[PDB]
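Coordinates from work.pdb are shown below (PDB, N, CA and C atoms).
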```
ATOM      1  N   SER A   1      97.651 -55.054 113.816
ATOM      2  CA  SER A   1      96.538 -55.507 112.991
ATOM      3  C   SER A   1      95.670 -54.335 112.536
ATOM      4  N   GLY A   2      94.391 -54.595 112.326
ATOM      5  CA  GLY A   2      93.471 -53.574 111.875
ATOM      6  C   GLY A   2      92.369 -54.188 111.037
ATOM      7  N   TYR A   3      91.689 -53.323 110.289
ATOM      8  CA  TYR A   3      90.622 -53.769 109.407
ATOM      9  C   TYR A   3      91.164 -54.568 108.231
ATOM     10  N   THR A   4      90.349 -55.441 107.741
ATOM     11  CA  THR A   4      90.543 -55.850 106.363
ATOM     12  C   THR A   4      89.870 -54.824 105.456
ATOM     13  N   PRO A   5      90.386 -54.608 104.237
ATOM     14  CA  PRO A   5      89.814 -53.559 103.375
ATOM     15  C   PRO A   5      88.390 -53.832 102.924
ATOM     16  N   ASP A   6      87.953 -55.095 102.941
ATOM     17  CA  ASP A   6      86.545 -55.401 102.728
ATOM     18  C   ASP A   6      85.686 -54.763 103.808
ATOM     19  N   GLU A   7      86.148 -54.836 105.057
ATOM     20  CA  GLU A   7      85.435 -54.216 106.164
ATOM     21  C   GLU A   7      85.451 -52.700 106.051
ATOM     22  N   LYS A   8      86.554 -52.137 105.547
ATOM     23  CA  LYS A   8      86.628 -50.699 105.303
ATOM     24  C   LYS A   8      85.615 -50.263 104.256
ATOM     25  N   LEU A   9      85.501 -51.035 103.172
ATOM     26  CA  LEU A   9      84.581 -50.707 102.084
ATOM     27  C   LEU A   9      83.133 -50.784 102.546
ATOM     28  N   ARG A  10      82.782 -51.914 103.169
ATOM     29  CA  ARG A  10      81.482 -52.141 103.793
ATOM     30  C   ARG A  10      81.121 -51.021 104.762
ATOM     31  N   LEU A  11      82.075 -50.642 105.606
ATOM     32  CA  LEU A  11      81.824 -49.650 106.633
ATOM     33  C   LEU A  11      81.663 -48.254 106.051
ATOM     34  N   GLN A  12      82.358 -47.941 104.953
ATOM     35  CA  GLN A  12      82.163 -46.640 104.316
ATOM     36  C   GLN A  12      80.841 -46.567 103.562
ATOM     37  N   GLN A  13      80.390 -47.688 102.982
ATOM     38  CA  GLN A  13      79.030 -47.699 102.448
ATOM     39  C   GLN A  13      78.008 -47.493 103.554
ATOM     40  N   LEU A  14      78.259 -48.072 104.724
ATOM     41  CA  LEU A  14      77.350 -47.849 105.838
ATOM     42  C   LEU A  14      77.467 -46.436 106.394
ATOM     43  N   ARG A  15      78.638 -45.798 106.248
ATOM     44  CA  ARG A  15      78.761 -44.365 106.522
ATOM     45  C   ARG A  15      77.791 -43.564 105.677
ATOM     46  N   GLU A  16      77.827 -43.787 104.360
ATOM     47  CA  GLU A  16      76.967 -43.024 103.454
ATOM     48  C   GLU A  16      75.490 -43.289 103.723
ATOM     49  N   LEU A  17      75.125 -44.560 103.900
ATOM     50  CA  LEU A  17      73.723 -44.903 104.105
ATOM     51  C   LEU A  17      73.205 -44.401 105.447
ATOM     52  N   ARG A  18      74.018 -44.494 106.501
ATOM     53  CA  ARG A  18      73.555 -44.108 107.825
ATOM     54  C   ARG A  18      73.452 -42.596 107.947
ATOM     55  N   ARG A  19      74.380 -41.865 107.315
ATOM     56  CA  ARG A  19      74.260 -40.412 107.265
ATOM     57  C   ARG A  19      73.020 -39.984 106.492
ATOM     58  N   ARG A  20      72.723 -40.657 105.367
ATOM     59  CA  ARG A  20      71.527 -40.305 104.603
ATOM     60  C   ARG A  20      70.255 -40.592 105.387
ATOM     61  N   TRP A  21      70.236 -41.704 106.129
ATOM     62  CA  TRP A  21      69.080 -42.031 106.958
ATOM     63  C   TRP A  21      68.867 -40.998 108.049
ATOM     64  N   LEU A  22      69.927 -40.661 108.781
ATOM     65  CA  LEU A  22      69.748 -39.774 109.921
ATOM     66  C   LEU A  22      69.492 -38.335 109.481
ATOM     67  N   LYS A  23      69.984 -37.938 108.305
ATOM     68  CA  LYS A  23      69.577 -36.648 107.759
ATOM     69  C   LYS A  23      68.119 -36.674 107.327
ATOM     70  N   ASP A  24      67.660 -37.807 106.785
ATOM     71  CA  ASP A  24      66.273 -37.901 106.353
ATOM     72  C   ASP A  24      65.323 -37.895 107.544
ATOM     73  N   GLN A  25      65.775 -38.399 108.694
ATOM     74  CA  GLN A  25      64.984 -38.295 109.916
ATOM     75  C   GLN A  25      64.805 -36.849 110.352
ATOM     76  N   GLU A  26      65.763 -35.990 110.026
ATOM     77  CA  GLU A  26      65.698 -34.578 110.381
ATOM     78  C   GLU A  26      64.698 -33.890 109.464
ATOM     79  N   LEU A  27      63.483 -33.675 109.958
ATOM     80  CA  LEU A  27      62.434 -33.060 109.162
ATOM     81  C   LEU A  27      62.409 -31.560 109.410
ATOM     82  N   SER A  28      62.140 -30.805 108.345
ATOM     83  CA  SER A  28      61.773 -29.395 108.421
ATOM     84  C   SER A  28      61.078 -28.958 107.138
ATOM     85  N   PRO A  29      59.760 -29.111 107.030
ATOM     86  CA  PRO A  29      59.046 -28.499 105.902
ATOM     87  C   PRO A  29      58.621 -27.074 106.211
ATOM     88  N   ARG A  30      59.238 -26.486 107.246
ATOM     89  CA  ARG A  30      58.844 -25.343 108.075
ATOM     90  C   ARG A  30      57.642 -25.658 108.956
ATOM     91  N   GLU A  31      57.055 -26.840 108.834
ATOM     92  CA  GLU A  31      55.910 -27.276 109.613
ATOM     93  C   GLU A  31      55.953 -28.797 109.730
ATOM     94  N   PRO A  32      56.372 -29.317 110.873
ATOM     95  CA  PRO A  32      56.257 -30.759 111.090
ATOM     96  C   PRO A  32      54.803 -31.182 111.188
ATOM     97  N   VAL A  33      54.059 -30.570 112.098
ATOM     98  CA  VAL A  33      52.704 -30.964 112.370
ATOM     99  C   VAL A  33      51.752 -30.005 111.669
ATOM    100  N   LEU A  34      50.498 -30.422 111.544
ATOM    101  CA  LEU A  34      49.448 -29.606 110.959
ATOM    102  C   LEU A  34      48.098 -30.035 111.527
ATOM    103  N   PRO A  35      47.445 -29.175 112.298
ATOM    104  CA  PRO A  35      46.065 -29.440 112.686
ATOM    105  C   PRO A  35      45.113 -29.021 111.582
ATOM    106  N   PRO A  36      44.230 -29.921 111.141
ATOM    107  CA  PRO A  36      43.248 -29.530 110.115
ATOM    108  C   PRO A  36      42.211 -28.544 110.625
ATOM    109  N   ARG A  37      41.812 -28.644 111.888
ATOM    110  CA  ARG A  37      40.916 -27.668 112.494
ATOM    111  C   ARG A  37      41.661 -26.852 113.544
TER     112      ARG A  37
ATOM    113  N   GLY B   1      64.345 -29.234 111.703
ATOM    114  CA  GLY B   1      65.794 -29.169 111.754
ATOM    115  C   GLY B   1      66.329 -29.438 113.143
ATOM    116  N   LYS B   2      66.034 -28.523 114.064
ATOM    117  CA  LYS B   2      66.356 -28.756 115.465
ATOM    118  C   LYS B   2      65.502 -29.883 116.028
ATOM    119  N   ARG B   3      64.193 -29.808 115.816
ATOM    120  CA  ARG B   3      63.294 -30.870 116.245
ATOM    121  C   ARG B   3      63.389 -32.030 115.258
ATOM    122  N   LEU B   4      63.876 -33.160 115.742
ATOM    123  CA  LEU B   4      63.965 -34.348 114.919
ATOM    124  C   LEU B   4      62.604 -35.020 114.831
ATOM    125  N   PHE B   5      62.531 -36.060 114.013
ATOM    126  CA  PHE B   5      61.311 -36.852 113.938
ATOM    127  C   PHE B   5      61.232 -37.717 115.181
ATOM    128  N   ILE B   6      60.360 -37.351 116.114
ATOM    129  CA  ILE B   6      60.117 -38.235 117.238
ATOM    130  C   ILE B   6      59.273 -39.409 116.750
ATOM    131  N   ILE B   7      59.474 -40.566 117.368
ATOM    132  CA  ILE B   7      58.816 -41.794 116.954
ATOM    133  C   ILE B   7      57.956 -42.250 118.125
ATOM    134  N   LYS B   8      56.701 -41.921 118.080
ATOM    135  CA  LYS B   8      55.672 -42.441 118.964
ATOM    136  C   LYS B   8      54.986 -43.621 118.286
ATOM    137  N   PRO B   9      54.523 -44.624 119.052
ATOM    138  CA  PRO B   9      54.001 -45.849 118.426
ATOM    139  C   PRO B   9      52.734 -45.649 117.613
ATOM    140  N   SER B  10      51.674 -45.193 118.278
ATOM    141  CA  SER B  10      50.362 -44.896 117.716
ATOM    142  C   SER B  10      49.516 -44.300 118.824
ATOM    143  N   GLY B  11      48.599 -43.420 118.448
ATOM    144  CA  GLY B  11      47.725 -42.838 119.443
ATOM    145  C   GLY B  11      46.268 -42.861 119.047
ATOM    146  N   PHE B  12      46.007 -43.141 117.768
ATOM    147  CA  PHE B  12      44.673 -42.938 117.214
ATOM    148  C   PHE B  12      43.667 -43.922 117.785
ATOM    149  N   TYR B  13      44.058 -45.191 117.910
ATOM    150  CA  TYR B  13      43.146 -46.208 118.421
ATOM    151  C   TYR B  13      42.806 -45.962 119.883
ATOM    152  N   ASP B  14      43.803 -45.563 120.670
ATOM    153  CA  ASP B  14      43.579 -45.317 122.087
ATOM    154  C   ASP B  14      42.717 -44.080 122.299
ATOM    155  N   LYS B  15      42.999 -43.005 121.560
ATOM    156  CA  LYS B  15      42.177 -41.810 121.692
ATOM    157  C   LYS B  15      40.767 -42.043 121.171
ATOM    158  N   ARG B  16      40.601 -42.908 120.159
ATOM    159  CA  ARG B  16      39.260 -43.267 119.704
ATOM    160  C   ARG B  16      38.497 -44.021 120.779
ATOM    161  N   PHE B  17      39.160 -44.969 121.447
ATOM    162  CA  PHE B  17      38.479 -45.729 122.488
ATOM    163  C   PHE B  17      38.102 -44.853 123.671
ATOM    164  N   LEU B  18      39.004 -43.976 124.104
ATOM    165  CA  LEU B  18      38.671 -43.136 125.250
ATOM    166  C   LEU B  18      37.660 -42.067 124.891
ATOM    167  N   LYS B  19      37.682 -41.583 123.644
ATOM    168  CA  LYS B  19      36.654 -40.668 123.170
ATOM    169  C   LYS B  19      35.289 -41.331 123.196
ATOM    170  N   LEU B  20      35.208 -42.563 122.680
ATOM    171  CA  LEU B  20      33.949 -43.300 122.693
ATOM    172  C   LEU B  20      33.505 -43.620 124.111
ATOM    173  N   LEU B  21      34.455 -43.888 125.004
ATOM    174  CA  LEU B  21      34.095 -44.236 126.370
ATOM    175  C   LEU B  21      33.556 -43.030 127.121
ATOM    176  N   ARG B  22      34.231 -41.881 127.010
ATOM    177  CA  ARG B  22      33.733 -40.689 127.688
ATOM    178  C   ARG B  22      32.437 -40.200 127.061
ATOM    179  N   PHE B  23      32.261 -40.371 125.748
ATOM    180  CA  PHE B  23      31.043 -39.893 125.109
ATOM    181  C   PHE B  23      29.854 -40.785 125.446
ATOM    182  N   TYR B  24      30.073 -42.092 125.536
ATOM    183  CA  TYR B  24      29.003 -43.029 125.823
ATOM    184  C   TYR B  24      28.832 -43.306 127.308
ATOM    185  N   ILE B  25      29.643 -42.694 128.163
ATOM    186  CA  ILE B  25      29.249 -42.543 129.559
ATOM    187  C   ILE B  25      28.603 -41.182 129.788
ATOM    188  N   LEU B  26      29.102 -40.154 129.099
ATOM    189  CA  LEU B  26      28.560 -38.807 129.163
ATOM    190  C   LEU B  26      27.148 -38.731 128.602
ATOM    191  N   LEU B  27      26.773 -39.669 127.723
ATOM    192  CA  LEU B  27      25.413 -39.708 127.195
ATOM    193  C   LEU B  27      24.397 -39.967 128.300
ATOM    194  N   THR B  28      24.738 -40.815 129.267
ATOM    195  CA  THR B  28      23.898 -40.995 130.442
ATOM    196  C   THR B  28      24.669 -40.754 131.731
ATOM    197  N   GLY B  29      25.636 -39.846 131.697
ATOM    198  CA  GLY B  29      26.241 -39.374 132.924
ATOM    199  C   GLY B  29      25.581 -38.083 133.349
ATOM    200  N   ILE B  30      25.320 -37.223 132.374
ATOM    201  CA  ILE B  30      24.616 -35.964 132.598
ATOM    202  C   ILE B  30      23.148 -36.181 132.989
ATOM    203  N   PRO B  31      22.305 -36.943 132.251
ATOM    204  CA  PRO B  31      20.878 -36.960 132.618
ATOM    205  C   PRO B  31      20.574 -37.693 133.907
ATOM    206  N   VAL B  32      21.322 -38.739 134.253
ATOM    207  CA  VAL B  32      21.006 -39.495 135.459
ATOM    208  C   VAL B  32      21.370 -38.695 136.704
ATOM    209  N   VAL B  33      22.531 -38.040 136.682
ATOM    210  CA  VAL B  33      22.940 -37.192 137.794
ATOM    211  C   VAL B  33      22.026 -35.978 137.908
ATOM    212  N   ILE B  34      21.593 -35.421 136.774
ATOM    213  CA  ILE B  34      20.646 -34.311 136.835
ATOM    214  C   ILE B  34      19.283 -34.778 137.345
ATOM    215  N   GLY B  35      18.870 -35.995 136.991
ATOM    216  CA  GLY B  35      17.594 -36.501 137.468
ATOM    217  C   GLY B  35      17.586 -36.777 138.958
ATOM    218  N   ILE B  36      18.666 -37.370 139.472
ATOM    219  CA  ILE B  36      18.747 -37.601 140.911
ATOM    220  C   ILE B  36      18.940 -36.278 141.650
ATOM    221  N   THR B  37      19.533 -35.279 140.985
ATOM    222  CA  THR B  37      19.608 -33.938 141.551
ATOM    223  C   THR B  37      18.222 -33.333 141.694
ATOM    224  N   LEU B  38      17.403 -33.448 140.647
ATOM    225  CA  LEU B  38      16.055 -32.894 140.695
ATOM    226  C   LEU B  38      15.190 -33.628 141.706
ATOM    227  N   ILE B  39      15.437 -34.924 141.895
ATOM    228  CA  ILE B  39      14.708 -35.665 142.918
ATOM    229  C   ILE B  39      15.093 -35.184 144.310
ATOM    230  N   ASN B  40      16.385 -35.154 144.627
ATOM    231  CA  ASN B  40      16.705 -34.768 145.996
ATOM    232  C   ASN B  40      16.739 -33.252 146.212
ATOM    233  N   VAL B  41      16.345 -32.435 145.234
ATOM    234  CA  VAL B  41      16.165 -31.012 145.493
ATOM    235  C   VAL B  41      14.727 -30.539 145.288
ATOM    236  N   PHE B  42      13.851 -31.309 144.636
ATOM    237  CA  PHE B  42      12.466 -30.885 144.458
ATOM    238  C   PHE B  42      11.475 -31.750 145.221
ATOM    239  N   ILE B  43      11.443 -33.056 144.956
ATOM    240  CA  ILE B  43      10.364 -33.874 145.496
ATOM    241  C   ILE B  43      10.583 -34.182 146.972
ATOM    242  N   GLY B  44      11.790 -33.987 147.483
ATOM    243  CA  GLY B  44      12.061 -34.211 148.884
ATOM    244  C   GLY B  44      12.145 -35.682 149.242
ATOM    245  N   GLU B  45      12.824 -35.963 150.351
ATOM    246  CA  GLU B  45      13.049 -37.365 150.682
ATOM    247  C   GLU B  45      11.852 -37.978 151.405
ATOM    248  N   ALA B  46      11.626 -37.577 152.660
ATOM    249  CA  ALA B  46      10.626 -38.191 153.536
ATOM    250  C   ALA B  46      10.520 -37.444 154.856
ATOM    251  N   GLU B  47       9.597 -37.865 155.724
ATOM    252  CA  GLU B  47       9.493 -37.312 157.067
ATOM    253  C   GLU B  47       9.302 -38.441 158.069
ATOM    254  N   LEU B  48       9.510 -38.099 159.339
ATOM    255  CA  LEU B  48       9.880 -39.036 160.389
ATOM    256  C   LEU B  48       8.693 -39.573 161.180
ATOM    257  N   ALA B  49       7.468 -39.385 160.700
ATOM    258  CA  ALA B  49       6.313 -39.660 161.541
ATOM    259  C   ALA B  49       6.069 -41.158 161.683
ATOM    260  N   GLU B  50       5.182 -41.495 162.613
ATOM    261  CA  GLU B  50       4.877 -42.871 162.953
ATOM    262  C   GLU B  50       3.598 -43.319 162.262
ATOM    263  N   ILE B  51       3.257 -44.582 162.471
ATOM    264  CA  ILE B  51       1.940 -45.079 162.070
ATOM    265  C   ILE B  51       0.889 -44.480 162.995
ATOM    266  N   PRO B  52      -0.195 -43.910 162.466
ATOM    267  CA  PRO B  52      -1.227 -43.348 163.345
ATOM    268  C   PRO B  52      -2.068 -44.410 164.039
ATOM    269  N   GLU B  53      -3.060 -43.954 164.795
ATOM    270  CA  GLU B  53      -3.796 -44.799 165.727
ATOM    271  C   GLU B  53      -4.751 -45.703 164.957
ATOM    272  N   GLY B  54      -4.420 -46.990 164.874
ATOM    273  CA  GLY B  54      -5.275 -47.940 164.191
ATOM    274  C   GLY B  54      -5.307 -47.733 162.690
ATOM    275  N   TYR B  55      -4.194 -48.014 162.023
ATOM    276  CA  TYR B  55      -4.052 -47.692 160.612
ATOM    277  C   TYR B  55      -3.064 -48.659 159.981
ATOM    278  N   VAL B  56      -3.300 -48.986 158.715
ATOM    279  CA  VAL B  56      -2.488 -49.954 157.989
ATOM    280  C   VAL B  56      -1.775 -49.257 156.834
ATOM    281  N   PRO B  57      -0.458 -49.311 156.772
ATOM    282  CA  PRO B  57       0.252 -48.764 155.614
ATOM    283  C   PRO B  57       0.484 -49.819 154.551
ATOM    284  N   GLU B  58       1.167 -49.449 153.477
ATOM    285  CA  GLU B  58       1.519 -50.396 152.433
ATOM    286  C   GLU B  58       2.894 -50.991 152.724
ATOM    287  N   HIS B  59       3.417 -51.786 151.790
ATOM    288  CA  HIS B  59       4.776 -52.285 151.945
ATOM    289  C   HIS B  59       5.810 -51.259 151.518
ATOM    290  N   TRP B  60       5.408 -50.233 150.777
ATOM    291  CA  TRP B  60       6.208 -49.021 150.715
ATOM    292  C   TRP B  60       5.706 -48.093 151.821
ATOM    293  N   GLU B  61       6.070 -46.805 151.754
ATOM    294  CA  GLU B  61       5.885 -45.813 152.827
ATOM    295  C   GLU B  61       6.623 -46.221 154.101
ATOM    296  N   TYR B  62       7.683 -47.009 153.941
ATOM    297  CA  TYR B  62       8.584 -47.369 155.014
ATOM    298  C   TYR B  62       9.978 -46.818 154.804
ATOM    299  N   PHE B  63      10.248 -46.218 153.653
ATOM    300  CA  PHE B  63      11.601 -45.993 153.172
ATOM    301  C   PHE B  63      11.828 -44.505 152.967
ATOM    302  N   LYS B  64      12.989 -44.029 153.422
ATOM    303  CA  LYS B  64      13.302 -42.606 153.363
ATOM    304  C   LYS B  64      13.460 -42.119 151.933
ATOM    305  N   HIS B  65      13.909 -42.987 151.034
ATOM    306  CA  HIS B  65      14.182 -42.342 149.765
ATOM    307  C   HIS B  65      13.024 -42.556 148.806
ATOM    308  N   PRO B  66      12.622 -41.512 148.074
ATOM    309  CA  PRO B  66      11.441 -41.645 147.211
ATOM    310  C   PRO B  66      11.664 -42.523 145.998
ATOM    311  N   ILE B  67      12.870 -42.547 145.430
ATOM    312  CA  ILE B  67      13.112 -43.473 144.331
ATOM    313  C   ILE B  67      13.216 -44.892 144.866
ATOM    314  N   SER B  68      13.699 -45.053 146.100
ATOM    315  CA  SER B  68      13.639 -46.359 146.747
ATOM    316  C   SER B  68      12.197 -46.781 146.990
TER     317      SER B  68
END
```

Show me the file's structure as structure tokens.
Amino acid sequence: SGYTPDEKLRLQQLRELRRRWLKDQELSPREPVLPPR
Amino acid sequence: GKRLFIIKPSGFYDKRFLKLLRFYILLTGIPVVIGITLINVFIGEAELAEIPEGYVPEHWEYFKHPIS
């Protein structure tokens, strides 16, 4: 058996979306935090 | 990059409450303790003597502590 290709398609879209989310969680503006004073 | 986005819930409300609590106890934490310090280091507590011969005291002058 195995996947149905609908599940493959769905899962590859979730590959793209989940990679984009977890890369977006990775912050580096060279400064995460900033104290005003 | 190495440091990811950590997800803490919130801290502002709690730090505001504890800031207000320490500040509004500190407003009368310093003067009351300093006042009782000045009382028990300057005015003195009391002394141990008795009622003299044929004499009437008040309802105070029975108590060791002067603020009491």

- Message: Set the cut-off to 5 Å and count all atoms listed in the file: what are the residues of chain A that reach chain B? Output as a ChimeraX atom specification.
- Response: /A:25-28

- Task: Find the distance between atom N of residue 14 in chain B and atom N of residue 36 in chain A and write it in Å to one decimal.
- Result: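 Here the two named atoms are 18.3 Å from each other.
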
- Item | Point-to-point distance from CA of residue 63 in chain B to CA of residue 30 in chain B, Å rounded to tenths |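 Answer for the CA of residue 63 in chain B to CA of residue 30 in chain B separation: 26.3 Å.
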
- Message: For this structure, which residues satisfy the selection - the PyMOL selection byres ((chain B and resi 66-68) around 8) - when it is evaluated on the file as given? I want them as a ChimeraX atom specification.
- Response: /B:39,43-46,60-61,63-65

- Message: Going by DSSP on the backbone, which residues of chain A come out as helix (DSSP H, G or I)? List them as a PyMOL selection string.
- Response: chain A and resi 5-25

Selection from above, N, CA and C atoms, as a PDB file, in the frame of the given file, can you write it?
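Output below, filename again-v3.pdb:
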```pdb
ATOM      1  N   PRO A   5      90.386 -54.608 104.237  1.00  0.00           N
ATOM      2  CA  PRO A   5      89.814 -53.559 103.375  1.00  0.00           C
ATOM      3  C   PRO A   5      88.390 -53.832 102.924  1.00  0.00           C
ATOM      4  N   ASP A   6      87.953 -55.095 102.941  1.00  0.00           N
ATOM      5  CA  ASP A   6      86.545 -55.401 102.728  1.00  0.00           C
ATOM      6  C   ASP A   6      85.686 -54.763 103.808  1.00  0.00           C
ATOM      7  N   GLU A   7      86.148 -54.836 105.057  1.00  0.00           N
ATOM      8  CA  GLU A   7      85.435 -54.216 106.164  1.00  0.00           C
ATOM      9  C   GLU A   7      85.451 -52.700 106.051  1.00  0.00           C
ATOM     10  N   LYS A   8      86.554 -52.137 105.547  1.00  0.00           N
ATOM     11  CA  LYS A   8      86.628 -50.699 105.303  1.00  0.00           C
ATOM     12  C   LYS A   8      85.615 -50.263 104.256  1.00  0.00           C
ATOM     13  N   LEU A   9      85.501 -51.035 103.172  1.00  0.00           N
ATOM     14  CA  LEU A   9      84.581 -50.707 102.084  1.00  0.00           C
ATOM     15  C   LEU A   9      83.133 -50.784 102.546  1.00  0.00           C
ATOM     16  N   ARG A  10      82.782 -51.914 103.169  1.00  0.00           N
ATOM     17  CA  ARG A  10      81.482 -52.141 103.793  1.00  0.00           C
ATOM     18  C   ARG A  10      81.121 -51.021 104.762  1.00  0.00           C
ATOM     19  N   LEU A  11      82.075 -50.642 105.606  1.00  0.00           N
ATOM     20  CA  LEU A  11      81.824 -49.650 106.633  1.00  0.00           C
ATOM     21  C   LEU A  11      81.663 -48.254 106.051  1.00  0.00           C
ATOM     22  N   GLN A  12      82.358 -47.941 104.953  1.00  0.00           N
ATOM     23  CA  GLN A  12      82.163 -46.640 104.316  1.00  0.00           C
ATOM     24  C   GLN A  12      80.841 -46.567 103.562  1.00  0.00           C
ATOM     25  N   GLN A  13      80.390 -47.688 102.982  1.00  0.00           N
ATOM     26  CA  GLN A  13      79.030 -47.699 102.448  1.00  0.00           C
ATOM     27  C   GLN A  13      78.008 -47.493 103.554  1.00  0.00           C
ATOM     28  N   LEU A  14      78.259 -48.072 104.724  1.00  0.00           N
ATOM     29  CA  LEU A  14      77.350 -47.849 105.838  1.00  0.00           C
ATOM     30  C   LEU A  14      77.467 -46.436 106.394  1.00  0.00           C
ATOM     31  N   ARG A  15      78.638 -45.798 106.248  1.00  0.00           N
ATOM     32  CA  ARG A  15      78.761 -44.365 106.522  1.00  0.00           C
ATOM     33  C   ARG A  15      77.791 -43.564 105.677  1.00  0.00           C
ATOM     34  N   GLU A  16      77.827 -43.787 104.360  1.00  0.00           N
ATOM     35  CA  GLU A  16      76.967 -43.024 103.454  1.00  0.00           C
ATOM     36  C   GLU A  16      75.490 -43.289 103.723  1.00  0.00           C
ATOM     37  N   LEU A  17      75.125 -44.560 103.900  1.00  0.00           N
ATOM     38  CA  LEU A  17      73.723 -44.903 104.105  1.00  0.00           C
ATOM     39  C   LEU A  17      73.205 -44.401 105.447  1.00  0.00           C
ATOM     40  N   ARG A  18      74.018 -44.494 106.501  1.00  0.00           N
ATOM     41  CA  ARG A  18      73.555 -44.108 107.825  1.00  0.00           C
ATOM     42  C   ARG A  18      73.452 -42.596 107.947  1.00  0.00           C
ATOM     43  N   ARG A  19      74.380 -41.865 107.315  1.00  0.00           N
ATOM     44  CA  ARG A  19      74.260 -40.412 107.265  1.00  0.00           C
ATOM     45  C   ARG A  19      73.020 -39.984 106.492  1.00  0.00           C
ATOM     46  N   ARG A  20      72.723 -40.657 105.367  1.00  0.00           N
ATOM     47  CA  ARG A  20      71.527 -40.305 104.603  1.00  0.00           C
ATOM     48  C   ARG A  20      70.255 -40.592 105.387  1.00  0.00           C
ATOM     49  N   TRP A  21      70.236 -41.704 106.129  1.00  0.00           N
ATOM     50  CA  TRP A  21      69.080 -42.031 106.958  1.00  0.00           C
ATOM     51  C   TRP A  21      68.867 -40.998 108.049  1.00  0.00           C
ATOM     52  N   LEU A  22      69.927 -40.661 108.781  1.00  0.00           N
ATOM     53  CA  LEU A  22      69.748 -39.774 109.921  1.00  0.00           C
ATOM     54  C   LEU A  22      69.492 -38.335 109.481  1.00  0.00           C
ATOM     55  N   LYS A  23      69.984 -37.938 108.305  1.00  0.00           N
ATOM     56  CA  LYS A  23      69.577 -36.648 107.759  1.00  0.00           C
ATOM     57  C   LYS A  23      68.119 -36.674 107.327  1.00  0.00           C
ATOM     58  N   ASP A  24      67.660 -37.807 106.785  1.00  0.00           N
ATOM     59  CA  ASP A  24      66.273 -37.901 106.353  1.00  0.00           C
ATOM     60  C   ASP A  24      65.323 -37.895 107.544  1.00  0.00           C
ATOM     61  N   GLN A  25      65.775 -38.399 108.694  1.00  0.00           N
ATOM     62  CA  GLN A  25      64.984 -38.295 109.916  1.00  0.00           C
ATOM     63  C   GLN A  25      64.805 -36.849 110.352  1.00  0.00           C
TER      64      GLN A  25
END
```

Enclose all atoms of range 41-57 of chain B listed in the file in an axis-aligned box, grow every side by 3 Å, and hand back centre and edge lengths in Å to one decimal, as lines of an AutoDock Vina configuration file.
```
center_x = 5.5
center_y = -40.2
center_z = 155.1
size_x = 27.7
size_y = 25.4
size_z = 27.3
```

- For atom C of residue 13 in chain A and atom C of residue 8 in chain B, quote the distance in Å rounded to one decimal. 27.6 Å
